[PDB]
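First, one chain by itself in structure tokens, the form deposited in one PDB entry.
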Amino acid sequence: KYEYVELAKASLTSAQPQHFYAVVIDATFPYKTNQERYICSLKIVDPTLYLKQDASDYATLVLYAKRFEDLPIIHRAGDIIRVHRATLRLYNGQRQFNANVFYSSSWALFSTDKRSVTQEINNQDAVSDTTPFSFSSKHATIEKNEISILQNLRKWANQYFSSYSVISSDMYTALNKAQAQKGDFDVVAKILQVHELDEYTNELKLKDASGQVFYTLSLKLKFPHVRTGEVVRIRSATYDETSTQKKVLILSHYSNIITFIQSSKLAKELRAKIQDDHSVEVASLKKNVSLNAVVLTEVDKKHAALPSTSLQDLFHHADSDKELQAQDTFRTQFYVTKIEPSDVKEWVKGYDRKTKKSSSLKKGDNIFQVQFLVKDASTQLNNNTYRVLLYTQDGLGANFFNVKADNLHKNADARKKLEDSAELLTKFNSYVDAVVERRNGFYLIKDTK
């Protein structure tokens, strides 16, 4: 049997093992310190300790282990952690709970929202509202009397996050002041874009309430929950004084990127107040070389939720993988290596609906018959380039160029805009976000501009 105590009422005198339920509002990533020690530090709250009178107040939790796997990975602020056998002491004025998981202490994470982060990523349902989505040791036991404790704390967690910022202004630094910091700092910003730099790395395009834009490398395995449009808290970042072409944030192995539970007032406000910036972009289009990635296209709103499929899967597995076979409409990203036909003037051909044939615009019903040679992160190293079509005779991709089809041999204005577009598309670091439809072994662009 376990007796759970509230954070503010935990004994500072009796250095005896105590147990508790708390809300996690911050945490480093589990990190190694030497050859046998791993550590994870977090900030916790509960109905008795949550607010200084205005900035948020909290206790600190320090978990020690001998294996990376014995520590909690905190992807989202707002979830609940249950700890068994922790010793409480005062560290520089703050209530600090210490727990050696490598000995007799244990922990278990409970989702405050319907699904845990991982469950949202994989689209799974939670076994039950009383099941820990993660815990140390081979087993975890929850008693009947615990249910009310957990259910109540959840309710409290939502009330707390919905009426308070939780991550108060004193807990992070405005991005346009980052360069003024002596060392590392924290940031709260919206993810404007997630660029797959390579096989193992994501590049986050961030922008906080100050309006400043920054980029930072985010490993896929470490932070698989990063999503465009979402607001995250970055625990420990440093200004990169060596990054010239763009503003870059440096993260360490202990750094952490954390999302917020649905009820978060702060996340809700930042999502709405912070709007997409393309300025850091715009300037590039005037440079011969852009170290900053540029996503040239935007997919139709109705697909914004559609998951993407790599070129590798699209061209090498689409005729073998069960899942890919049952789909005829995909979303993918890539960069154009070459556009065919070479002569931009021949991009628009005349089409004879009856004979299913096209001809040079020296004659026909006008349509685009462009063939892109593409490549992406998943195929970066191979000796291939892939064909993606923009055949609009049936309507698919008719407005891709924001130029209605026309005889490019006669309409100078149309030819010029398409020529410009061609230079942008084949320029280094230019990318395309598009939806495609599979027809007779080929992919056609649609609902993209």
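Each form is matched to the other, and the largest set of C-alpha atoms that superpose within 1.5 Å is called the rigid core. The numbering used is simple: start at 1 and walk along the sequence shown.
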Quick one: classify how much of the deposited chain lacks coordinates between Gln35 and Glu36, choosing none, 1 to 3, 4 to 9, or 10 or more.
-> none
Going by the record, give me the number of deposited-sequence residues missing between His139 and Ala140 as none, 1 to 3, 4 to 9, or 10 or more.
-> none
Mean C-alpha B-factor comparison - 413-421 and 52-60, higher one = 52-60
So 206-214 or 156-164, which one's hotter by mean CA B-factor in the entry?
-> 156-164
Sort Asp321, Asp79, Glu230, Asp376 by C-alpha B-factor from the entry and give me just the highest.
-> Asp321
Options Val348, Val294, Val127, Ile234 - largest CA temperature factor per the record | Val127
Quick one: classify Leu285 as lowest, middle or highest third of the chain based on its Cα B-factor.
-> highest
Check where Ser430 lands among this chain's C-alpha B-factors and tell me if it's the lowest, middle or highest third.
-> lowest
Could you tell me which third, lowest, middle or highest, the C-alpha B-factor of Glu241 occupies within its chain?
-> highest
Considering only modelled residues of the same chain, in which third does the CA B-factor of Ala174 rank: lowest, middle or highest?
-> lowest
Give the position of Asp352 by CA B-factor within its chain, expressed as the lowest, middle or highest third.
-> highest
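Omitted from view is the form deposited in another entry, to which the following refers.
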Core-aligned between this form and the one not shown, the sole member of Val344, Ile149, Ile191, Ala209 showing a Cα shift of 2 Å or more is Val344
Determine whether the C-alpha of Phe401 shifts by 2 Å or more between this form and the one not shown once the rigid core is superposed.
-> yes
Tell me, please, whether between this form and the one not shown the C-alpha of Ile39 is shifted by 2 Å or more, with the rigid core used for superposition.
-> no
Core-aligned CA displacement of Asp321 at least 2 Å between this form and the one not shown | yes
Did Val232 and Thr309 drift closer or farther in that other deposited form, going by a CA distance change of 3 angstroms or more?
-> closer
Cα separation of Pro307 and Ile261 in that other deposited form versus here, shift of 3 Å or more | closer
